[PDB]
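To start, the structure under review is shown below, and the notes come after it.
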Amino acid sequence: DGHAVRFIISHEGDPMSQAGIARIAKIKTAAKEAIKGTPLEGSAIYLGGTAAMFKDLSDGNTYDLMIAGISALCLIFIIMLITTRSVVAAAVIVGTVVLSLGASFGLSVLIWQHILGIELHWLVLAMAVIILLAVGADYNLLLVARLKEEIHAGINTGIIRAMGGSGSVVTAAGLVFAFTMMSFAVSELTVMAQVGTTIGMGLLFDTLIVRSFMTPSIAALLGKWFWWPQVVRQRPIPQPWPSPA
Amino acid sequence: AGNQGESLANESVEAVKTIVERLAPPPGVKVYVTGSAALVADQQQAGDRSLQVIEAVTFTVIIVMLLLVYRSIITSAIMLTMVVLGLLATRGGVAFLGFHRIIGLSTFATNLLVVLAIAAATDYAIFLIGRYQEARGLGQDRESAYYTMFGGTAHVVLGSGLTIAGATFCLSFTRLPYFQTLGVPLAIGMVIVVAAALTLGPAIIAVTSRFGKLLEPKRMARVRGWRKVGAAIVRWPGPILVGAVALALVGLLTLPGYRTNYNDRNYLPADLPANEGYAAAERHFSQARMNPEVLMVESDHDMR
Amino acid sequence: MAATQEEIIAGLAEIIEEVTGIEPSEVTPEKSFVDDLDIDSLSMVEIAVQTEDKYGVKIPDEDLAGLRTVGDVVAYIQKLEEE
Amino acid sequence: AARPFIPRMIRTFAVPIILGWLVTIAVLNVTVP
Amino acid sequence: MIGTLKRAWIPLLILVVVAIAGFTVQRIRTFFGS
Ligand SMILES: CCCCCCCCCCCCCCCCCC(=O)OC[C@H](COP(=O)([O-])OCC(O)COP(=O)([O-])OC[C@@H](COC(=O)CCCCCCCCCCCCCCCCC)OC(=O)CCCCCCCCCCCCCCCCC)OC(=O)CCCCCCCCCCCCCCCCC
Ligand SMILES: CCCCCCCCCCCCCCCCCC(=O)O[C@@H](COC(=O)CCCCCCCCCCCCCCC)COP(=O)(O)OCCN
Ligand SMILES: CCCCCCCCCCCCCCCCCC(=O)O[C@@H](COC(=O)CCCCCCCCCCCCCCC)COP(=O)(O)OCCN
Ligand SMILES: CCCCCCCCCCCCCCCCCC(=O)O[C@@H](COC(=O)CCCCCCCCCCCCCCC)COP(=O)(O)OCCN
């Protein structure tokens with residue numbers, strides 16, 4: 001019925017790059033300013049395509065990442081607070097989780113983008129933070145539950161015993177899963193290799209640096225302030241040396 | 001006829017491809033079926049053909065890593081049965097709830113649920129067996145060691161699994177269907193993995209432990225090495241924290257250079273048919289001719 | 001403060017047992033950690049940490065290097081307790 | 001008696017638990033694609 | 001009373017955290033599309 005006209009637009013470089021997606025708003029603005037002051041002013045301007053789809057997906061991706069992150073970090077804080085009746089341990093663990101996530105993704109960005117030249121797919125970040133949060137919860141909770149049940153004999157001896165007991169198990173589990181995930185590097189699909197090796201390098205870094213040195217050393221610096229609302233002793237009342245045998 | 005992302009779209013792409021390659025062109029002419037709908041078809045059809053090689057390589061790696069952790073074939077076998085039974089129960093339960101239209105599935109929620117189920121199952125099995133063997137190496141008999149394992153790790157497994165379930169159910173509140181469809185199947189998968197890990201795990205440990213020396217520890221000097229690491233941590237915590245934070249800074253300083261990409265034909269083999277159609281078109285027009293925009297201006301009066 | 005040498009050795013042998021595994025019948029005042037008991041420099045730090053936690057005996061890091069034999073540790077703890 | 005109820009029941013009823021999980025997996029994987 | 005709100009400080013902290021998180025989430029759910 002002649003009420004709508006359509007134009008078919010082609011891009012120069014890659015439509016689905018960061019620039020081909022920033023061009024969508026510019027196309028809409030150009031078409032809107034073209035009918036300004038003409039009898040067609042006020043017409044509805046619809047822009048469909050495939051770079052428009054990815055503009056909208058890229059916009060929604062940020063907010064969905066934020067929703068998932070807020071939700072997961074609050075759940076993690078809540079379980080670390082319920083288990084260890086302490087706000088400082090929960091906050092320290094949430095902070096080390098955020099720091100280890102950042103460092104993991106930065107390491108994978110380095111390896112993939114700056115060294116191998118291949119940029120990271122846009123879903124790698126999401127699928128990586130999902131799994132990495134999921135397993136960091138496991139390992140941090142197992143470590144700090146043991147720490148809490150053993151600091152009865154002194155915070156330092158409690159940390160020594162908790163390491164010797166649960167740090168080995170945490171690293172075994174972490175390394176098994178990390179090397180399972182780094183076997184995706186054999187896929188022809190580069191997105192599978194990217195997500196697999198991102199999860200794998202993240203877990204390697206976590207279990208070998210963060211959860212193995214940065215979390216218990218923070219528990220050792222903050223001696224009794226690691227359990228703050230609970231009043232714990234740095235070490236028990238000194239015992240007298242035992243009688244022989 | 002489909003809708004990009006669904007299965008009717010792939011039906012349509014293969015139908016069109018059938019129609020097109022059904023008849024022969026003149027000599028010299030070659031026809032293709034390109035576009036972000038045939039590319040998605042070839043992508044989703046090569047995803048499974050790579051996934052079935054991954055399902056073998058990851059298990060071939062899991063087995064050798066279990067042999068390296070537990071220097072024993074019987075223990076690796078037992079704990080692998082734990083993991084495999086958990087994964088089977090999870091896949092079965094979610095395929096059941098999706099088959100009877102009780103919950104909403106996806107061909108992406110499944111590929112993530114299998115990964116997460118394997119992660120959780122191996123973690124919980126290693127936790128349980130590690131605590132049992134640690135209590136066993138301190139001199140406790142099989143009964144006391146079983147009870148120490150439970151009293152130490154059951155609440156941890158329960159809490160951590162229930163938070164994974166809650167966190168992955170909180171995905172249901174996102175907007176993209178990619179993430180939004182991960183909510184209920186992943187939460188249900190985690191609940192099933194946790195129920196399995198807490199009932200079937202300890203059951204297998206309590207049955208197999210009463211025979212010979214099945215689950216008895218072998219490598220306990222690892223506990224000594226980790227006690228020495230803990231001693232170094234409690235004696236000099238400041239320096240070690242500084243070192244760990246310095247290492248984490250290397251990764252944290254690369255993040256403000258992160259650029260992403262939405263071209264799926266960069267992360268796919270160039271051997272796919274749709275990508276070779278893309279190449280044939282790029283030989284002649286340009287890279288962006290097969291991905292056109294459409295702008296419509298709808299006015300209220302006849303514009304002819 | 002008059003813990004006899006046998007009491008101090010009885011307390012040290014429990015920590016050495018837990019840290020390493022050497023039987024308390026093997027911890028005698030004339031054996032040196034480095035060769036006879038084979039206790040490296042980093043298990044001595046753990047023994048010192050656990051001794052400080054249990055019996056309040058603080059052995060600083062620089063003195064821990066010069067305590068070669070079990071007799072050295074017992075004498076250090078006695079000289080510290082006679083304060 | 002002095003053993004908690006949950007692990008004690010899991011230990012006493014261990015083999016019916018394993019058999020039940022096996023039956024569940026069988027049903028769930030044979031009745032459904 | 002302060003004596004009784006410090007036996008129930010964990011559920012209160014959980015409520016305030018869940019409330020702030022839920023409000024932020026229902027606020028961010030509106031940005032897309034709009
Ligand atoms: C697709 C193809 C497939 C590919 C994938 C598939 C491949 C399949 C095969 C996979 C092969 C890998 C196998 C993995 C190991 C499996 C073994 C296992 O599961 O556990 C058993 C294993 C025990 O083995 P064991 O022989 O039976 O133990 C008996 C000992 O002999 C008896 O004790 P000892 O007398 O010999 O020594 C005492 C003690 C040691 O005691 C000590 O003295 C240590 C304390 C010293 C004082 C403290 C100083 C610490 C300073 C802190 C500074 C900041 C932190 C930096 C830490 C680094 C320096 C330590 O040793 C220990 O046993 C405990 C070790 C604990 C410390 C180790 C912590 C790791 C440090 C971090 C290194 C890596 C950096 C991570 C970065 C990665 C991120 C990219 O458990 C461990 O020890 C875990 C640590 C070793 C494994 C992790 C090391 C790396 C593994 C791969 C990581 C790759 C990194 C690459 C980075 C390259 C640069 C970019
Ligand atoms: C979609 C659902 C998810 C929504 C919910 C989101 C938030 C989930 C939060 C879940 C919190 C669960 C709390 C469990 C951890 C409790 C932490 C704690 O306080 O530990 C105490 C644990 O106290 C207990 O005794 C609790 C024992 C719990 C036993 C675990 C139950 C096993 C049930 C087996 C079947 C599981 C079926 C589950 C099906 C999903 C410490 O006691 P203890 O030091 O003396 O050591 C324990 C020795 N017995
Ligand atoms: C921005 C990047 C920053 C990286 C920071 C990494 C820091 C990690 C620290 C790694 C510590 C490695 C284990 C340390 C064990 C300590 C054992 C010890 O103290 O004694 C030995 C110390 O031996 C060591 O292993 C020293 C540690 C060497 C590793 C130091 C490298 C890590 C720091 C990297 C600096 C940043 C690099 C620049 C960016 C690439 C004996 O030494 P010696 O007296 O016999 O040697 C005398 C011979 N002339
Ligand atoms: C990702 C989400 C993060 C959001 C949350 C961030 C952290 C918020 C921290 C807010 C702290 C509020 C908790 C206050 C704890 C009060 C402790 C208490 O009331 O009882 C203790 C009393 O000990 C005291 O004397 C504490 C008195 C000081 C309370 C003053 C509140 C300080 C607020 C700190 C501000 C930090 C806020 C940071 C916000 C970003 C001991 O009681 P209990 O042992 O019987 O309970 C244990 C068994 N369930």
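Identifiers for the structure tokens are assigned positionally: chains receive A, B, ... in sequence, residues are indexed from 1 per chain, and ligands are indexed from 1 in the order shown.
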Neighbour list for region 129-134 of chain A as a list in words, cut-off 7 Å, only C-alpha atoms, skip fewer than 4 positions in-chain: residues 125, 138 and 199 of chain A; 116 and 164 of chain B
Could you write out the selected residues, including N, CA and C atoms, as a compact mmCIF listing (two decimals), in the first residue's frame?
```txt
# COMPACT_ATOMS: atom_id res chain seq x y z
N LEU A 125 33.47 -14.85 28.02
CA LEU A 125 33.47 -14.21 29.34
C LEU A 125 32.35 -14.75 30.21
N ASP A 138 33.00 -23.94 45.77
CA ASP A 138 33.36 -25.24 46.30
C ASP A 138 34.66 -25.18 47.08
N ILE A 199 38.71 -21.27 31.27
CA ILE A 199 38.39 -21.92 32.54
C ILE A 199 39.60 -22.64 33.11
N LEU B 116 29.34 -28.53 34.01
CA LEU B 116 29.18 -28.20 35.43
C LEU B 116 28.93 -29.45 36.25
N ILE B 164 25.64 -23.14 44.43
CA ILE B 164 25.76 -23.21 42.97
C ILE B 164 24.37 -23.29 42.35
```
Proximal residues of chain B relative to chain A (only C-alpha atoms; 6 Å) as a PyMOL selection string: chain B and resi 58+65+123+130+156+160+164+167+171+174+223+226-227+230-231+233-234+237+241+244+248+251-252+254-255+260-263+267-268+288-289+292-304
At most 10 Å to chain C: residues in chain A, only C-alpha atoms, as JSON, numbers by chain: {"A": [153, 154, 155, 156, 157, 158, 160, 161, 234, 235, 236, 237, 238, 239, 240, 241, 242, 243, 244, 245]}
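Residue nearest chain B within the list D:14, D:9, D:23, D:1: D:14 [criterion: smallest interatomic distance, only C-alpha atoms].
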Close residues, residue 169 (chain B) itself excluded, 8 Å, only C-alpha atoms, min 5 positions apart in chain, as a PyMOL selection string: chain B and resi 182-184+186-187
Take the residues that were just selected and, keeping N, CA, C and O atoms, output them as a PDB file, in the first residue's frame.
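Dumped to out-v2.pdb:
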```pdb
ATOM      1  N   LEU B 182      19.409 -20.990  31.013  1.00  0.00           N
ATOM      2  CA  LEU B 182      20.290 -21.762  31.873  1.00  0.00           C
ATOM      3  C   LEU B 182      19.778 -21.870  33.299  1.00  0.00           C
ATOM      4  O   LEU B 182      20.323 -22.653  34.078  1.00  0.00           O
ATOM      5  N   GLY B 183      18.756 -21.110  33.661  1.00  0.00           N
ATOM      6  CA  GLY B 183      18.331 -21.050  35.039  1.00  0.00           C
ATOM      7  C   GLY B 183      17.879 -22.367  35.623  1.00  0.00           C
ATOM      8  O   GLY B 183      18.583 -22.940  36.450  1.00  0.00           O
ATOM      9  N   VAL B 184      16.736 -22.879  35.189  1.00  0.00           N
ATOM     10  CA  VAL B 184      16.157 -24.043  35.854  1.00  0.00           C
ATOM     11  C   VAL B 184      16.892 -25.344  35.532  1.00  0.00           C
ATOM     12  O   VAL B 184      17.051 -26.167  36.444  1.00  0.00           O
ATOM     13  N   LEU B 186      20.128 -25.906  34.959  1.00  0.00           N
ATOM     14  CA  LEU B 186      21.382 -25.957  35.703  1.00  0.00           C
ATOM     15  C   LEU B 186      21.139 -26.080  37.202  1.00  0.00           C
ATOM     16  O   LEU B 186      21.856 -26.809  37.893  1.00  0.00           O
ATOM     17  N   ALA B 187      20.136 -25.379  37.723  1.00  0.00           N
ATOM     18  CA  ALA B 187      19.799 -25.517  39.132  1.00  0.00           C
ATOM     19  C   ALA B 187      19.363 -26.934  39.456  1.00  0.00           C
ATOM     20  O   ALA B 187      19.778 -27.503  40.472  1.00  0.00           O
TER      21      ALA B 187
END
```
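Any residue of chain B with an atom no more than 9 Å from chain D counts as a contact; using only C-alpha atoms, that gives residues 85, 88, 89, 90, 91, 92, 93, 95, 96, 99, 100, 146, 147, 150, 151, 196, 199, 200, 202, 203, 204, 205, 206 and 207 of chain B.
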Nearby polymer residues, ligand 2, at most 6 Å, only C-alpha atoms and all ligand atoms, as a VMD selection string: (chain A and resid 83) or (chain B and resid 151 to 152 154 to 155 158 to 159 162 to 163 165 to 166 191 194 to 195 198 to 199)
Take the residues that were just selected and, keeping N, CA, C and O atoms, output them as a PDB file, in the first residue's frame.
```
ATOM      1  N   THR A  83      28.262 -20.291  57.058  1.00  0.00           N
ATOM      2  CA  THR A  83      29.195 -21.325  57.489  1.00  0.00           C
ATOM      3  C   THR A  83      30.135 -20.806  58.566  1.00  0.00           C
ATOM      4  O   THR A  83      30.119 -21.280  59.706  1.00  0.00           O
TER       5      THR A  83
ATOM      6  N   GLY B 151      31.159 -36.265  58.751  1.00  0.00           N
ATOM      7  CA  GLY B 151      31.048 -35.105  59.613  1.00  0.00           C
ATOM      8  C   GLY B 151      31.902 -33.929  59.196  1.00  0.00           C
ATOM      9  O   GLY B 151      31.624 -32.800  59.607  1.00  0.00           O
ATOM     10  N   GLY B 152      32.931 -34.158  58.392  1.00  0.00           N
ATOM     11  CA  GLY B 152      33.744 -33.056  57.936  1.00  0.00           C
ATOM     12  C   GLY B 152      33.313 -32.463  56.614  1.00  0.00           C
ATOM     13  O   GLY B 152      33.393 -31.247  56.434  1.00  0.00           O
ATOM     14  N   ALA B 154      30.247 -33.350  54.614  1.00  0.00           N
ATOM     15  CA  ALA B 154      28.875 -33.393  54.132  1.00  0.00           C
ATOM     16  C   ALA B 154      28.256 -32.007  54.103  1.00  0.00           C
ATOM     17  O   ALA B 154      27.597 -31.631  53.129  1.00  0.00           O
ATOM     18  N   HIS B 155      28.434 -31.237  55.173  1.00  0.00           N
ATOM     19  CA  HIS B 155      27.841 -29.909  55.197  1.00  0.00           C
ATOM     20  C   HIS B 155      28.507 -28.988  54.191  1.00  0.00           C
ATOM     21  O   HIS B 155      27.849 -28.109  53.632  1.00  0.00           O
ATOM     22  N   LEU B 158      26.960 -29.973  50.821  1.00  0.00           N
ATOM     23  CA  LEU B 158      25.590 -29.476  50.785  1.00  0.00           C
ATOM     24  C   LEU B 158      25.550 -27.975  50.558  1.00  0.00           C
ATOM     25  O   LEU B 158      24.857 -27.493  49.659  1.00  0.00           O
ATOM     26  N   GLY B 159      26.286 -27.216  51.368  1.00  0.00           N
ATOM     27  CA  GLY B 159      26.253 -25.771  51.243  1.00  0.00           C
ATOM     28  C   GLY B 159      26.741 -25.288  49.894  1.00  0.00           C
ATOM     29  O   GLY B 159      26.078 -24.489  49.232  1.00  0.00           O
ATOM     30  N   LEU B 162      24.301 -26.227  47.091  1.00  0.00           N
ATOM     31  CA  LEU B 162      23.063 -25.461  47.129  1.00  0.00           C
ATOM     32  C   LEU B 162      23.292 -24.021  46.703  1.00  0.00           C
ATOM     33  O   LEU B 162      22.409 -23.404  46.103  1.00  0.00           O
ATOM     34  N   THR B 163      24.473 -23.469  46.971  1.00  0.00           N
ATOM     35  CA  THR B 163      24.724 -22.125  46.463  1.00  0.00           C
ATOM     36  C   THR B 163      24.981 -22.124  44.969  1.00  0.00           C
ATOM     37  O   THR B 163      24.581 -21.181  44.289  1.00  0.00           O
ATOM     38  N   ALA B 165      23.495 -24.105  42.937  1.00  0.00           N
ATOM     39  CA  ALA B 165      22.134 -24.215  42.429  1.00  0.00           C
ATOM     40  C   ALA B 165      21.388 -22.891  42.512  1.00  0.00           C
ATOM     41  O   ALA B 165      20.743 -22.488  41.543  1.00  0.00           O
ATOM     42  N   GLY B 166      21.472 -22.194  43.643  1.00  0.00           N
ATOM     43  CA  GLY B 166      20.818 -20.901  43.747  1.00  0.00           C
ATOM     44  C   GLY B 166      21.382 -19.875  42.785  1.00  0.00           C
ATOM     45  O   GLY B 166      20.633 -19.123  42.159  1.00  0.00           O
ATOM     46  N   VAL B 191      21.197 -29.666  41.948  1.00  0.00           N
ATOM     47  CA  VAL B 191      20.513 -30.362  43.033  1.00  0.00           C
ATOM     48  C   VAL B 191      20.685 -31.868  42.895  1.00  0.00           C
ATOM     49  O   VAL B 191      20.901 -32.574  43.886  1.00  0.00           O
ATOM     50  N   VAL B 194      24.230 -32.892  43.808  1.00  0.00           N
ATOM     51  CA  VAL B 194      24.472 -32.815  45.245  1.00  0.00           C
ATOM     52  C   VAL B 194      23.811 -33.979  45.968  1.00  0.00           C
ATOM     53  O   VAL B 194      24.408 -34.591  46.859  1.00  0.00           O
ATOM     54  N   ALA B 195      22.565 -34.292  45.617  1.00  0.00           N
ATOM     55  CA  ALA B 195      21.921 -35.448  46.228  1.00  0.00           C
ATOM     56  C   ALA B 195      22.715 -36.716  45.962  1.00  0.00           C
ATOM     57  O   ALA B 195      22.911 -37.539  46.866  1.00  0.00           O
ATOM     58  N   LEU B 198      25.981 -36.782  48.021  1.00  0.00           N
ATOM     59  CA  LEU B 198      25.804 -36.950  49.455  1.00  0.00           C
ATOM     60  C   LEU B 198      25.237 -38.304  49.845  1.00  0.00           C
ATOM     61  O   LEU B 198      25.467 -38.741  50.973  1.00  0.00           O
ATOM     62  N   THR B 199      24.506 -38.982  48.962  1.00  0.00           N
ATOM     63  CA  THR B 199      23.977 -40.299  49.296  1.00  0.00           C
ATOM     64  C   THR B 199      24.699 -41.437  48.592  1.00  0.00           C
ATOM     65  O   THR B 199      25.027 -42.437  49.222  1.00  0.00           O
TER      66      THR B 199
END
```
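Residues of protein or nucleic acid lying within 10 Å of ligand 3, counting only C-alpha atoms and all ligand atoms, are residues 209 of chain A; 232, 239, 240, 241, 242, 243, 244, 245, 246, 247, 248, 249, 250, 251 and 253 of chain B; 42 of chain C.
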Could you write out that same residue set with N, CA and C atoms as a PDB file, in the first residue's frame?
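New file result21.pdb:
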```
ATOM      1  N   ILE A 209      47.758 -20.238  43.146  1.00  0.00           N
ATOM      2  CA  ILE A 209      48.231 -18.983  43.696  1.00  0.00           C
ATOM      3  C   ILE A 209      47.222 -18.496  44.714  1.00  0.00           C
TER       4      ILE A 209
ATOM      5  N   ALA B 232      55.270 -22.172  56.024  1.00  0.00           N
ATOM      6  CA  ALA B 232      55.837 -20.997  55.378  1.00  0.00           C
ATOM      7  C   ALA B 232      54.826 -19.875  55.283  1.00  0.00           C
ATOM      8  N   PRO B 239      55.168 -11.152  53.237  1.00  0.00           N
ATOM      9  CA  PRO B 239      55.864 -11.365  51.962  1.00  0.00           C
ATOM     10  C   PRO B 239      55.104 -12.239  50.987  1.00  0.00           C
ATOM     11  N   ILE B 240      54.472 -13.304  51.467  1.00  0.00           N
ATOM     12  CA  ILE B 240      53.786 -14.220  50.568  1.00  0.00           C
ATOM     13  C   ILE B 240      52.538 -13.573  49.991  1.00  0.00           C
ATOM     14  N   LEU B 241      51.819 -12.799  50.801  1.00  0.00           N
ATOM     15  CA  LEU B 241      50.681 -12.066  50.268  1.00  0.00           C
ATOM     16  C   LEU B 241      51.129 -11.058  49.224  1.00  0.00           C
ATOM     17  N   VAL B 242      52.243 -10.371  49.474  1.00  0.00           N
ATOM     18  CA  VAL B 242      52.759  -9.423  48.490  1.00  0.00           C
ATOM     19  C   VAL B 242      53.091 -10.135  47.188  1.00  0.00           C
ATOM     20  N   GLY B 243      53.718 -11.306  47.274  1.00  0.00           N
ATOM     21  CA  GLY B 243      54.037 -12.047  46.066  1.00  0.00           C
ATOM     22  C   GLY B 243      52.804 -12.477  45.295  1.00  0.00           C
ATOM     23  N   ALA B 244      51.798 -12.989  46.003  1.00  0.00           N
ATOM     24  CA  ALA B 244      50.587 -13.444  45.329  1.00  0.00           C
ATOM     25  C   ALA B 244      49.840 -12.282  44.687  1.00  0.00           C
ATOM     26  N   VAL B 245      49.780 -11.138  45.366  1.00  0.00           N
ATOM     27  CA  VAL B 245      49.100  -9.986  44.791  1.00  0.00           C
ATOM     28  C   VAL B 245      49.879  -9.443  43.602  1.00  0.00           C
ATOM     29  N   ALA B 246      51.210  -9.495  43.666  1.00  0.00           N
ATOM     30  CA  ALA B 246      52.012  -9.086  42.521  1.00  0.00           C
ATOM     31  C   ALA B 246      51.749  -9.980  41.322  1.00  0.00           C
ATOM     32  N   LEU B 247      51.582 -11.280  41.551  1.00  0.00           N
ATOM     33  CA  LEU B 247      51.258 -12.174  40.442  1.00  0.00           C
ATOM     34  C   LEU B 247      49.870 -11.901  39.883  1.00  0.00           C
ATOM     35  N   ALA B 248      48.885 -11.662  40.748  1.00  0.00           N
ATOM     36  CA  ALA B 248      47.541 -11.350  40.281  1.00  0.00           C
ATOM     37  C   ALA B 248      47.471 -10.029  39.530  1.00  0.00           C
ATOM     38  N   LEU B 249      48.373  -9.093  39.827  1.00  0.00           N
ATOM     39  CA  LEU B 249      48.375  -7.817  39.118  1.00  0.00           C
ATOM     40  C   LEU B 249      48.710  -7.982  37.645  1.00  0.00           C
ATOM     41  N   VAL B 250      49.568  -8.943  37.305  1.00  0.00           N
ATOM     42  CA  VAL B 250      49.887  -9.185  35.904  1.00  0.00           C
ATOM     43  C   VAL B 250      48.624  -9.445  35.099  1.00  0.00           C
ATOM     44  N   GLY B 251      47.722 -10.266  35.616  1.00  0.00           N
ATOM     45  CA  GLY B 251      46.484 -10.535  34.927  1.00  0.00           C
ATOM     46  C   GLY B 251      45.516  -9.379  35.012  1.00  0.00           C
ATOM     47  N   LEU B 253      46.068  -6.302  35.069  1.00  0.00           N
ATOM     48  CA  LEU B 253      46.474  -5.154  34.271  1.00  0.00           C
ATOM     49  C   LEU B 253      46.239  -5.337  32.780  1.00  0.00           C
TER      50      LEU B 253
ATOM     51  N   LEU C  42      62.603 -26.108  56.687  1.00  0.00           N
ATOM     52  CA  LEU C  42      61.224 -25.648  56.668  1.00  0.00           C
ATOM     53  C   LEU C  42      60.315 -26.442  57.588  1.00  0.00           C
TER      54      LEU C  42
END
```
Separation of CA of residue 34 (chain E) from CA of residue 25 (chain A) in Å: 15.3 Å
Could you give me, as JSON lines, every chain C residue with an atom at most 10 Å from ligand 1, plus its closest atom pair and distance in Å to one decimal, counting only C-alpha atoms and all ligand atoms, rows ordered by chain then number?
```
{"residue": "C:40", "atom": "CA", "partner": "ligand 1", "partner_atom_place_in_ligand_line": "35 (O)", "distance": 9.4}
{"residue": "C:41", "atom": "CA", "partner": "ligand 1", "partner_atom_place_in_ligand_line": "43 (O)", "distance": 9.4}
{"residue": "C:42", "atom": "CA", "partner": "ligand 1", "partner_atom_place_in_ligand_line": "43 (O)", "distance": 6.9}
{"residue": "C:43", "atom": "CA", "partner": "ligand 1", "partner_atom_place_in_ligand_line": "43 (O)", "distance": 9.1}
```
Distance query residue 64 (chain C) at most 9 Å, only C-alpha atoms, self and fewer than 5 positions along chain excluded, as a list in words: residues 41, 44, 45, 48, 59 and 73 of chain C
Per-residue DSSP, region 17-194 of chain B, filtered to alpha helix (DSSP H), as number ranges by chain: B: 17-21, 38-69, 73-99, 109-137, 142-169, 177-180, 183-194
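Among the candidates A:96, A:84, A:29, A:207, the residue lying nearest to chain E is A:84 (atoms considered: only C-alpha atoms).
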Within 9 Å of ligand 4, counting only C-alpha atoms and all ligand atoms, residues as a ChimeraX atom specification: /A:70-78,82,85-88,90-91,94-95,228-231 /E:2-3,5-10,12-14,16-18,20-21
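Taking CA of residue 291 (chain B) and CA of residue 13 (chain B) as endpoints, the distance between them is 16.1 Å.
Going from CA of residue 76 (chain C) over to CA of residue 31 (chain C), you cover 15.4 Å.
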